[PDB]
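Data block below; observations after.
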Amino acid sequence: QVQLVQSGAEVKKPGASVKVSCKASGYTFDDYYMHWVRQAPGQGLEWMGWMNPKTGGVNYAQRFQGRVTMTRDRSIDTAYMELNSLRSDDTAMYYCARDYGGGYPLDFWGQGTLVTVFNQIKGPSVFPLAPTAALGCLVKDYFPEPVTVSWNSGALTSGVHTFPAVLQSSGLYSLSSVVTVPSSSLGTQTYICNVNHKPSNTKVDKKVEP
Amino acid sequence: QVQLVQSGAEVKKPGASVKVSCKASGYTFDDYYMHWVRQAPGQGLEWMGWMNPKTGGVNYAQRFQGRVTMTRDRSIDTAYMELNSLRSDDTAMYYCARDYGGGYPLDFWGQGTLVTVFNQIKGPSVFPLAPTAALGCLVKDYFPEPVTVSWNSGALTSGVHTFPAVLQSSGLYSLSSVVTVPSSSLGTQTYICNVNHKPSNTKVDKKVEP
Amino acid sequence: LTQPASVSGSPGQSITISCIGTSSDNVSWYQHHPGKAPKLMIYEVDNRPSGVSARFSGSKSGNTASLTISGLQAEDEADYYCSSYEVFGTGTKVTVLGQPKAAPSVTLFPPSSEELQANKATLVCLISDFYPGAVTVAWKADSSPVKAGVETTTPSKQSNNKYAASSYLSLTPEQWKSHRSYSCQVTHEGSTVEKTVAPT
Amino acid sequence: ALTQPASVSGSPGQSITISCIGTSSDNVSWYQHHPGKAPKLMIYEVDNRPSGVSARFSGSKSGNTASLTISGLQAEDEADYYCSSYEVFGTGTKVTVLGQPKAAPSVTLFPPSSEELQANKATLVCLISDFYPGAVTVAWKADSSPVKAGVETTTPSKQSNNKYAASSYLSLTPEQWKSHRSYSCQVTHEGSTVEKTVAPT
């Protein structure tokens with residue numbers, strides 16, 4: 001029988017590092033590649049990479065290069081996967097899976113681990129939304145609610161609609177606020193969005209221009 | 001025309017104080033009482049109290065006594081409602097409405113003010129749940145997720161069910177974990193529940209007894 | 001006070017709102033449209049304020065007061081609270097069912113130049129002014145449906161009794177410039193509306 | 001981008017098929033994933049079966065679209081099913097099996113603890129579990145008169161035994177806990193109601 005046992009579930013702060021172990025039994029650990037796959041919160045399976053145990057060569061996905069390092073210890077037939085600078089998105093289920101030969105037929109998945117990355121106080125990232133025309137400001141990746149957006153320091157109140165926030169899979173909030181202005185004043189009057197996030201003590205002014 | 005203009009929307013930290021203005025125009029400010037009514041975050045209206053502007057006497061609801069200070073400035077015909085040490089439950093819409101006599105025809109309700117009290121990183125208040133029987137622990141008022149619960153330093157793992165947390169009106173989380181043990185061992189072996197809330201760095205142990 | 005959690009009907013159904021546990025005399029009703037302060041509908045039992053419609057009428061049956069609306073107009077949907085002395089009711093979610101359907105309005109924004117200067121690329125697809133509140137959002141990259149990194153909020157009430165929702169697509173800057181256009185498709189009551197943006 | 005249906009429903013013997021749109025020729029793999037345990041491979045390449053897997057699972061390819069046919073939906077074969085062509089998997093399909101044995105709920109109610117009462121707080125915890133399906137109504141009564149304020153109920157969720165559990169919390173001041181005679185938690189499930197009553201002893 002072939003068994004793969006993974007480390008215990010861990011909860012980590014953002015910016016910390018988590019190393020998940022994966023001990024192999026019932027087969028020669030060197031003769032098969034070891035892939036690592038996520039599950040994401042409510043999303044689908046995601047391929048992280050693979051590591052040749054016999055030589056140590058590692059291949060990583062283009063979205064994880066520079067953040068993930070896969071090592072192994074042949075003395076105890078175990079593999080490792082480490083994530084550095086954990087983000088709010090990184091909370092997921094991490095599985096180690098054995099590759100039968102080349103290509104990509106998968107054989108076993110072990111048990112999986114839960115690496116929960118809790119949310120911290122974060123300031124929003126405010127970006128413009130270039131353009132009767134509509135222009136606005138994007139308020140992305142802030143925690144927790146609420147945020148306050150005022151245009152031209154409260155002077156512009158007509159045609160302003162600030163849509164309710166969305167709870168992303170990471171757990172952070174994102175919000176948008178757009179205003180409706182005549183098309184003849186685009187290159188004429190500046191439109192500034194004043195965003196306030198008191199929980200993070202963040203006051204930001206951004207200029208919306210075409 | 002009779003109008004009641006209220007102050008702007010305010011966001012406050014827990015423990016802070018908020019004062020809401022209500023300036024009356026178009027009628028004699030002295031001849032009519034001024035009530036203050038909440039809306040709650042998605043719940044129904046909730047009466048706080050009423051104030052006599054002619055005499056200065058006030059009457060508060062039993063659940064707000066010692067917390068709300070209603071005062072008026074008859075010079076400019078304005079009424080004020082002050083909430084001291086805002087809790088996470090205090091995020092709601094606040095309205096001022098005028099009335100008279102024992103009857104309650106609250107004719108004008110002003111405009112309203114949105115007071116938002118953001119959730120803070122708080123550790124859980126662990127309480128015991130005294131009792132084939134079942135005993136457990138209450139994990140109340142923690143934010144944000146997650147919390148880890150173990151019994152007897154992980155020695156007890158049979159018949160343990162840690163229910164998913166509930167998102168209350170305040171925005172905090174409450175969770176419960178229980179263990180099922182034979183009824184003959186209540187007076188023989190103790191029971192300790194260990195609750196971990198890493199975001200607030202809280203580790204608490206409690207003993208559950210009948 | 002005890003009130004129904006929600007009542008349902010249609011234009012002309014004329015649903016009556018119950019108010020259990022009230023004492024004799026001095027019963028008032030309030031209509032609260034979200035986003036605005038509530039207004040008085042019934043003075044005491046059956047009286048009406050000047051300027052309010054006669055379509056709203058109140059009555060009392062000794063121990064329980066009630067409010068009758070002769071015709072459920074498309075304008076008259078709100079939370080209703082009956083108050084005896086200084087305590088209101090539970091709140092009735094008075095919803096309609098025969099209302100005309102309103103097609104959604106979709107606005108799509110490509111990732112900003114500033115955001116692209118931080119290795120981030122997000123597409124904002126804002127939906128507004130649609131009834132009822134049920135829209136399906138699908139993203140397509142040059143016709144290929146894409147689901148990874150899509151966050152769509154649940155629809156919410158506006159100040160004009162219509163619904164609004166927002167859909168976001170998180171992308172890396174490399175995959176934003178590789179495709180020729182990204183499309184936000186929103187389907188509402190069978191009729192779909194589509195907006196496309198390009199790296200320009 | 002391999003596209004799978006969001007969810008599929010059936011019953012014993014329904015014999016539903018899961019579609020895997022957008023797959024290339026050859027090298028199509030299917031994985032069955034019961035949450036809380038590692039996913040297990042079911043189909044190697046289009047139609048091959050690992051030793052020890054059930055013949056109930058068979059795969060096929062209709063030119064460009066892969067598919068996973070199950071001969072008869074057993075009440076156990078409920079899970080998320082993913083199709084992978086090389087390293088990228090599908091959206092995932094929520095397989096739900098119907099006609100499953102309905103289970104009566106089990107309810108435990110705890111009065112406010114002594115420590116919590118010494119904090120001017122009072123919480124009643126009504127914990128429900130081991131009921132199928134996950135459709136229950138929780139009502140709080142105080143001396144026969146229902147109470148609605150200060151009630152927060154979580155949505156029922158899957159357990160480790162494929163049954164549903166939900167928890168309900170009633171928040172009160174200490175004065176109203178002692179003044180009343182008994183607070184009761186009533187949960188209705190498929191036409192039968194289960195009641196648990198506590199009091200200030």
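Here, A, B, ... name the chains of the structure tokens in the order displayed, residue numbers run from 1 inside each chain, and ligands are numbered from 1 in the same displayed order.
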Selection: 8 Å around residue 105 (chain D), only C-alpha atoms, excl. self and same-chain fewer than 3 positions, as a PyMOL selection string: chain D and resi 128-132+189+194
Go ahead and save the picked residues with N, CA and C atoms, as an mmCIF file, in the first residue's frame.
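This is the output file out36.cif:
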data_model
loop_
_atom_site.group_PDB
_atom_site.id
_atom_site.type_symbol
_atom_site.label_atom_id
_atom_site.label_comp_id
_atom_site.auth_asym_id
_atom_site.auth_seq_id
_atom_site.Cartn_x
_atom_site.Cartn_y
_atom_site.Cartn_z
ATOM 1 N N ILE D 128 -27.711 22.046 16.960
ATOM 2 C CA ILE D 128 -28.463 21.047 16.213
ATOM 3 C C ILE D 128 -27.496 20.316 15.294
ATOM 4 N N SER D 129 -27.704 19.013 15.126
ATOM 5 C CA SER D 129 -26.789 18.212 14.324
ATOM 6 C C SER D 129 -27.479 16.924 13.894
ATOM 7 N N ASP D 130 -26.826 16.225 12.961
ATOM 8 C CA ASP D 130 -27.213 14.878 12.534
ATOM 9 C C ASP D 130 -28.645 14.832 11.999
ATOM 10 N N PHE D 131 -28.984 15.796 11.147
ATOM 11 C CA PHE D 131 -30.270 15.798 10.467
ATOM 12 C C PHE D 131 -30.059 15.903 8.965
ATOM 13 N N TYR D 132 -30.917 15.222 8.207
ATOM 14 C CA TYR D 132 -30.913 15.273 6.756
ATOM 15 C C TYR D 132 -32.352 15.415 6.280
ATOM 16 N N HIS D 189 -38.265 19.985 11.461
ATOM 17 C CA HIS D 189 -37.520 19.303 10.405
ATOM 18 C C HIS D 189 -38.429 18.260 9.771
ATOM 19 N N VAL D 194 -38.901 19.372 17.263
ATOM 20 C CA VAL D 194 -38.153 18.915 18.429
ATOM 21 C C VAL D 194 -37.903 20.119 19.325
#
Residue neighbourhood region 76-92 of chain C, 8 Å, only C-alpha atoms, exclusion window fewer than 2 positions, as a PyMOL selection string: (chain B and resi 43-47+102-104) or (chain C and resi 1-7+17+19+22-23+26-34+72-74+94-96)
Sorted per-residue table, chain D near chain C, closest atoms and distance, 9 Å, only C-alpha atoms, as JSON lines:
{"residue": "D:1", "atom": "CA", "partner": "C:146", "partner_atom": "CA", "distance": 7.0}
{"residue": "D:3", "atom": "CA", "partner": "C:145", "partner_atom": "CA", "distance": 8.1}
{"residue": "D:91", "atom": "CA", "partner": "C:147", "partner_atom": "CA", "distance": 7.8}
{"residue": "D:148", "atom": "CA", "partner": "C:90", "partner_atom": "CA", "distance": 8.3}
{"residue": "D:149", "atom": "CA", "partner": "C:90", "partner_atom": "CA", "distance": 8.6}
Chain B contacts to chain D at 12 Å (only C-alpha atoms) as a ChimeraX atom specification: /B:40,42-46,62-63,89,125-131,133-141,159-180,206-210
Which residues of chain B sit at most 12 Å from chain C, using only C-alpha atoms? Give each one's shortest atom pair and distance in Å (one decimal place), in chain and ascending residue order, as a tab-separated table.
residue	atom	partner	partner_atom	distance
B:3	CA	C:37	CA	11.8
B:4	CA	C:37	CA	10.6
B:5	CA	C:37	CA	11.2
B:6	CA	C:37	CA	11.0
B:35	CA	C:86	CA	9.4
B:36	CA	C:86	CA	10.5
B:37	CA	C:86	CA	9.6
B:38	CA	C:88	CA	10.9
B:39	CA	C:32	CA	10.1
B:40	CA	C:91	CA	11.8
B:41	CA	C:34	CA	11.9
B:42	CA	C:34	CA	10.3
B:43	CA	C:91	CA	7.9
B:44	CA	C:91	CA	5.5
B:45	CA	C:88	CA	6.6
B:46	CA	C:88	CA	7.0
B:47	CA	C:87	CA	6.2
B:48	CA	C:86	CA	8.8
B:49	CA	C:86	CA	8.2
B:50	CA	C:86	CA	9.2
B:59	CA	C:86	CA	10.8
B:60	CA	C:86	CA	10.3
B:61	CA	C:86	CA	8.9
B:62	CA	C:86	CA	11.8
B:93	CA	C:37	CA	9.5
B:94	CA	C:37	CA	9.5
B:95	CA	C:37	CA	7.2
B:96	CA	C:37	CA	9.2
B:97	CA	C:37	CA	9.4
B:98	CA	C:40	CA	11.1
B:99	CA	C:86	CA	11.0
B:100	CA	C:85	CA	11.6
B:101	CA	C:85	CA	10.5
B:102	CA	C:85	CA	7.6
B:103	CA	C:26	CA	5.6
B:104	CA	C:85	CA	6.0
B:105	CA	C:43	CA	5.4
B:106	CA	C:40	CA	6.5
B:107	CA	C:40	CA	5.4
B:108	CA	C:39	CA	6.6
B:109	CA	C:37	CA	5.7
B:110	CA	C:37	CA	6.3
B:111	CA	C:37	CA	5.1
B:112	CA	C:37	CA	6.2
B:113	CA	C:37	CA	9.7
B:114	CA	C:35	CA	10.1
Selected residues written out, N, CA and C atoms, as a compact mmCIF listing (two decimals), in the first residue's frame:
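So the final result, stored in again.txt, reads:
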# COMPACT_ATOMS: atom_id res chain seq x y z
N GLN B 3 -38.61 71.18 8.41
CA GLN B 3 -37.44 70.39 8.06
C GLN B 3 -36.61 70.11 9.31
N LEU B 4 -35.97 68.94 9.32
CA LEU B 4 -35.05 68.54 10.38
C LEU B 4 -33.77 68.04 9.72
N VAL B 5 -32.73 68.87 9.74
CA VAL B 5 -31.46 68.53 9.12
C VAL B 5 -30.55 67.92 10.18
N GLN B 6 -29.98 66.76 9.86
CA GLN B 6 -29.09 66.05 10.76
C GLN B 6 -27.65 66.16 10.28
N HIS B 35 -37.78 62.77 19.75
CA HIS B 35 -37.40 61.38 19.97
C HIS B 35 -36.22 61.00 19.08
N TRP B 36 -35.52 59.95 19.50
CA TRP B 36 -34.40 59.41 18.73
C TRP B 36 -34.62 57.92 18.55
N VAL B 37 -34.62 57.47 17.29
CA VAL B 37 -34.93 56.08 16.94
C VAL B 37 -33.83 55.54 16.05
N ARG B 38 -33.35 54.33 16.37
CA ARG B 38 -32.36 53.65 15.56
C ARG B 38 -33.03 52.87 14.43
N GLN B 39 -32.21 52.24 13.60
CA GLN B 39 -32.69 51.31 12.58
C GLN B 39 -32.04 49.94 12.65
N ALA B 40 -30.85 49.82 13.26
CA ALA B 40 -30.09 48.58 13.41
C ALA B 40 -29.57 48.11 12.06
N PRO B 41 -28.48 47.33 12.02
CA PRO B 41 -27.94 46.86 10.72
C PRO B 41 -28.77 45.74 10.10
N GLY B 42 -29.84 46.14 9.40
CA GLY B 42 -30.73 45.21 8.75
C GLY B 42 -31.91 44.76 9.58
N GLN B 43 -31.99 45.15 10.85
CA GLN B 43 -33.11 44.80 11.70
C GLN B 43 -34.14 45.94 11.68
N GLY B 44 -35.13 45.85 12.57
CA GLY B 44 -36.17 46.85 12.63
C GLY B 44 -35.78 48.07 13.44
N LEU B 45 -36.69 49.03 13.49
CA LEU B 45 -36.47 50.26 14.24
C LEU B 45 -36.42 49.96 15.74
N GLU B 46 -35.70 50.81 16.47
CA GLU B 46 -35.51 50.63 17.90
C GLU B 46 -35.53 52.00 18.57
N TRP B 47 -36.54 52.23 19.41
CA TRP B 47 -36.68 53.51 20.09
C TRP B 47 -35.64 53.64 21.20
N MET B 48 -34.95 54.78 21.22
CA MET B 48 -33.94 55.07 22.24
C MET B 48 -34.49 55.91 23.38
N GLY B 49 -35.14 57.02 23.07
CA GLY B 49 -35.70 57.87 24.11
C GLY B 49 -36.29 59.13 23.51
N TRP B 50 -36.81 59.98 24.39
CA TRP B 50 -37.32 61.28 23.99
C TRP B 50 -36.84 62.34 24.96
N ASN B 59 -36.18 61.05 28.90
CA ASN B 59 -36.64 59.71 29.24
C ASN B 59 -35.98 58.73 28.29
N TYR B 60 -35.30 57.73 28.83
CA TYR B 60 -34.53 56.78 28.05
C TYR B 60 -35.13 55.39 28.14
N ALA B 61 -34.83 54.57 27.14
CA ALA B 61 -35.20 53.17 27.18
C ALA B 61 -34.31 52.42 28.17
N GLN B 62 -34.84 51.31 28.69
CA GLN B 62 -34.12 50.57 29.73
C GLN B 62 -32.78 50.06 29.24
N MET B 93 -28.48 53.22 11.64
CA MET B 93 -29.00 54.51 11.21
C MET B 93 -29.73 55.16 12.38
N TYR B 94 -29.48 56.45 12.59
CA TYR B 94 -30.06 57.19 13.70
C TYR B 94 -30.93 58.32 13.16
N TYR B 95 -32.19 58.35 13.60
CA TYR B 95 -33.16 59.33 13.15
C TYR B 95 -33.65 60.16 14.33
N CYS B 96 -34.00 61.41 14.05
CA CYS B 96 -34.68 62.28 15.01
C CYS B 96 -36.07 62.60 14.49
N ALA B 97 -37.08 62.36 15.32
CA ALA B 97 -38.47 62.61 14.95
C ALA B 97 -39.15 63.39 16.06
N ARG B 98 -40.07 64.28 15.67
CA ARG B 98 -40.78 65.12 16.62
C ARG B 98 -42.13 64.51 16.98
N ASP B 99 -42.61 64.84 18.17
CA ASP B 99 -43.84 64.27 18.69
C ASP B 99 -44.44 65.24 19.70
N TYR B 100 -45.56 64.84 20.30
CA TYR B 100 -46.19 65.63 21.35
C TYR B 100 -47.15 64.74 22.13
N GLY B 101 -47.22 64.96 23.44
CA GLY B 101 -48.22 64.32 24.27
C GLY B 101 -48.02 62.83 24.45
N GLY B 102 -49.05 62.20 25.02
CA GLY B 102 -49.02 60.76 25.23
C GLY B 102 -49.15 59.97 23.95
N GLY B 103 -49.88 60.49 22.97
CA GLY B 103 -49.92 59.86 21.67
C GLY B 103 -48.59 59.98 20.95
N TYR B 104 -48.41 59.13 19.94
CA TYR B 104 -47.14 59.04 19.21
C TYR B 104 -47.35 59.20 17.71
N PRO B 105 -47.82 60.38 17.25
CA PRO B 105 -47.79 60.66 15.81
C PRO B 105 -46.48 61.34 15.40
N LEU B 106 -45.43 60.54 15.25
CA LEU B 106 -44.13 61.07 14.86
C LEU B 106 -44.19 61.52 13.41
N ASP B 107 -44.46 62.81 13.20
CA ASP B 107 -44.79 63.30 11.87
C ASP B 107 -43.56 63.37 10.98
N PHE B 108 -42.58 64.18 11.36
CA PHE B 108 -41.36 64.37 10.58
C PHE B 108 -40.22 63.58 11.21
N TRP B 109 -39.41 62.94 10.36
CA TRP B 109 -38.32 62.09 10.81
C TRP B 109 -36.95 62.59 10.37
N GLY B 110 -36.84 63.83 9.90
CA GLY B 110 -35.55 64.34 9.48
C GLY B 110 -35.00 63.59 8.29
N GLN B 111 -33.70 63.33 8.32
CA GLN B 111 -33.02 62.61 7.25
C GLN B 111 -32.31 61.35 7.72
N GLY B 112 -31.65 61.40 8.87
CA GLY B 112 -30.93 60.26 9.40
C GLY B 112 -29.42 60.44 9.28
N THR B 113 -28.70 59.74 10.16
CA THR B 113 -27.25 59.72 10.16
C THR B 113 -26.78 58.28 10.28
N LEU B 114 -25.82 57.89 9.44
CA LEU B 114 -25.26 56.55 9.48
C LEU B 114 -24.02 56.57 10.38
Between CA of residue 152 (chain C) and CA of residue 109 (chain C), distance in Å (one decimal): 15.0 Å
Neighbours of chain A in chain B at 8 Å, counting only C-alpha atoms, as a PyMOL selection string: chain B and resi 11+13+116+118-119+144-146+198-199
Convert the current residue selection to file output with C-alpha atoms, as a compact mmCIF listing (two decimals), in the first residue's frame.
# COMPACT_ATOMS: atom_id res chain seq x y z
CA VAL B 11 -17.31 56.29 11.59
CA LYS B 13 -13.68 53.26 16.85
CA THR B 116 -20.65 52.87 11.58
CA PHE B 118 -15.90 49.18 12.60
CA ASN B 119 -15.03 45.75 13.95
CA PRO B 144 -11.72 37.95 12.67
CA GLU B 145 -11.66 34.26 11.71
CA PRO B 146 -10.38 31.69 12.58
CA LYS B 198 -3.91 34.01 16.59
CA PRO B 199 -5.04 37.39 15.10
Test item, strand (DSSP E) assignment across region 18-196 of chain B, answer as a PyMOL selection string: chain B and resi 18-25+33-38+46-51+58-60+68-73+78-83+92-99+113-117+125-129+133-142+148-151+160-162+166-167+173-181+192-196
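The shortest atom-to-atom distance to residue 36 (chain D), with only C-alpha atoms taken into account, belongs to D:79 out of D:171, D:13, D:65, D:79.
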What lies within 10 Å of residue 143 (chain C) using only C-alpha atoms, ignoring chain neighbours under 3 positions off, as a PDB file with N, CA, C and O atoms, in the first residue's frame?
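What ended up in result_6.pdb:
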ATOM      1  N   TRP C 139     -17.634  36.229 -17.675  1.00  0.00           N
ATOM      2  CA  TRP C 139     -16.515  36.915 -18.306  1.00  0.00           C
ATOM      3  C   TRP C 139     -15.946  36.060 -19.429  1.00  0.00           C
ATOM      4  O   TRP C 139     -15.831  34.838 -19.295  1.00  0.00           O
ATOM      5  N   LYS C 140     -15.594  36.707 -20.537  1.00  0.00           N
ATOM      6  CA  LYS C 140     -15.020  36.023 -21.686  1.00  0.00           C
ATOM      7  C   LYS C 140     -13.799  36.785 -22.179  1.00  0.00           C
ATOM      8  O   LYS C 140     -13.830  38.015 -22.290  1.00  0.00           O
ATOM      9  N   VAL C 146     -13.926  32.705 -18.831  1.00  0.00           N
ATOM     10  CA  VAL C 146     -12.907  32.713 -17.790  1.00  0.00           C
ATOM     11  C   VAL C 146     -13.599  32.829 -16.441  1.00  0.00           C
ATOM     12  O   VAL C 146     -14.471  33.685 -16.256  1.00  0.00           O
ATOM     13  N   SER C 181      -9.447  41.520 -26.218  1.00  0.00           N
ATOM     14  CA  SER C 181     -10.558  42.181 -25.552  1.00  0.00           C
ATOM     15  C   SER C 181     -11.079  41.279 -24.446  1.00  0.00           C
ATOM     16  O   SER C 181     -11.085  40.052 -24.580  1.00  0.00           O
ATOM     17  N   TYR C 182     -11.510  41.903 -23.355  1.00  0.00           N
ATOM     18  CA  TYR C 182     -12.199  41.223 -22.270  1.00  0.00           C
ATOM     19  C   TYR C 182     -13.636  41.715 -22.208  1.00  0.00           C
ATOM     20  O   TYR C 182     -13.898  42.915 -22.337  1.00  0.00           O
ATOM     21  N   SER C 183     -14.564  40.783 -22.017  1.00  0.00           N
ATOM     22  CA  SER C 183     -15.989  41.058 -22.123  1.00  0.00           C
ATOM     23  C   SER C 183     -16.685  40.720 -20.815  1.00  0.00           C
ATOM     24  O   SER C 183     -16.430  39.665 -20.224  1.00  0.00           O
TER      25      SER C 183
END
Coordinates-based distance that separates CA of residue 18 (chain C) from CA of residue 143 (chain D) (Å, one decimal): 22.5 Å
Spatial neighbours of residue 104 (chain C), 9 Å, only C-alpha atoms, chain gap at least 4 places, as a ChimeraX atom specification: /C:127-131,135,163-164,186-188,192-193
Saved selection, atoms kept: N, CA, C and O atoms, as a compact mmCIF listing (two decimals), in the first residue's frame:
# COMPACT_ATOMS: atom_id res chain seq x y z
N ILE C 127 -23.08 47.10 -12.64
CA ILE C 127 -24.43 46.85 -13.11
C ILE C 127 -25.39 47.61 -12.22
O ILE C 127 -25.24 47.61 -10.99
N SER C 128 -26.38 48.27 -12.82
CA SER C 128 -27.30 49.10 -12.06
C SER C 128 -28.63 49.22 -12.78
O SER C 128 -28.74 48.97 -13.98
N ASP C 129 -29.65 49.61 -12.01
CA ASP C 129 -30.98 49.94 -12.52
C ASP C 129 -31.62 48.77 -13.26
O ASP C 129 -32.02 48.86 -14.42
N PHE C 130 -31.72 47.64 -12.56
CA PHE C 130 -32.37 46.45 -13.09
C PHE C 130 -33.34 45.89 -12.07
O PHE C 130 -33.06 45.90 -10.86
N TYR C 131 -34.48 45.40 -12.55
CA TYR C 131 -35.47 44.74 -11.72
C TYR C 131 -35.96 43.48 -12.42
O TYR C 131 -36.27 43.53 -13.62
N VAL C 135 -29.19 38.63 -11.64
CA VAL C 135 -28.41 38.75 -12.86
C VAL C 135 -27.27 37.74 -12.82
O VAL C 135 -26.69 37.48 -11.76
N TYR C 163 -32.15 47.54 -8.35
CA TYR C 163 -31.03 46.76 -7.84
C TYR C 163 -29.73 47.17 -8.53
O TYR C 163 -29.72 47.67 -9.66
N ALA C 164 -28.62 46.93 -7.83
CA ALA C 164 -27.29 47.18 -8.35
C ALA C 164 -26.35 46.07 -7.91
O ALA C 164 -26.53 45.48 -6.84
N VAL C 186 -23.68 40.18 -18.85
CA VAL C 186 -24.67 40.07 -17.78
C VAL C 186 -26.01 39.73 -18.41
O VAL C 186 -26.48 40.44 -19.31
N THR C 187 -26.62 38.64 -17.95
CA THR C 187 -27.92 38.20 -18.44
C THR C 187 -28.97 38.48 -17.37
O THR C 187 -28.77 38.15 -16.20
N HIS C 188 -30.07 39.09 -17.78
CA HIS C 188 -31.12 39.51 -16.86
C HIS C 188 -32.47 39.14 -17.46
O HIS C 188 -32.85 39.69 -18.50
N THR C 192 -29.57 39.42 -22.49
CA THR C 192 -28.17 39.62 -22.12
C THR C 192 -27.65 40.94 -22.68
O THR C 192 -28.00 41.33 -23.80
N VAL C 193 -26.82 41.62 -21.89
CA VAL C 193 -26.15 42.84 -22.29
C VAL C 193 -24.65 42.61 -22.15
O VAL C 193 -24.20 41.88 -21.25
Contacts of residue 144 (chain D) within 9 Å, only C-alpha atoms, excl. fewer than 2 positions in-chain, as a list in words: residues 141, 142, 146, 182, 183 and 184 of chain D
